[PDB]
């Protein structure tokens, strides 16, 4: 597949996460903004990479479905988020943000959505602290990156980079499945904070489930 660029940030078509040797391809890459008044104001550039073994797993169900057929099924996005494979996500800052300020928003969409469904156990609470701790001493000038590694077993790994480059040596590893998927679920889920990314991951992945 081809490279996807999001507002200058250049997400290459393949990438090996920090601490991994397998190859991941780029599922999709879109912008995240919020609605200041009435304007779409861009803050981050997100890319979602999926392990190569993922094409087989998803194709079991989604082969031959159009880009819009895939783009409209919340299952295609739940499958990806919770797929029994590895997922690598890079968040690149278009606007300046601080780790303390990034992690807060992510956890309040989670530790809230878990209280909406009664799944905010001492697990989530502990995972979100270790989460909110890895981000606290960091500030992300535009160009820096946040790199999450989602494992098949639900093990989140939080690396950082000064630029769009994925570092060689890994980061922290929060050993909780919900918080792992919550992070990804919050980017390309039903309430995904990046529908552009969903659009890219729907278009690209549809052209691979026909080959």
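Numbering follows the first chain given and starts at 1.
Looking at mean Cα B-factors across 169-177 and 47-55, the upper value is held by 169-177. Taking only CA atoms, the mean B-factor in the PDB entry is higher for 200-208 than for the other of 200-208 and 2-10.
The entry assigns its greatest Cα B factor, within the set 97, 119, 91, 74, to 119. For the set 150, 60, 162, 42, the PDB entry assigns the largest Cα B-factor to 60. When the CA B factors of the chain's modelled residues are split into thirds, the value for residue 78 lands in the middle one.
Among the modelled residues of the chain, residue 130 sits in the highest third by CA temperature factor in this PDB entry. When the modelled residues of the chain are ordered by C-alpha B-factor, residue 157 sits in the middle third. Residue 136: CA B factor lies in the middle third for its chain, per the PDB record.
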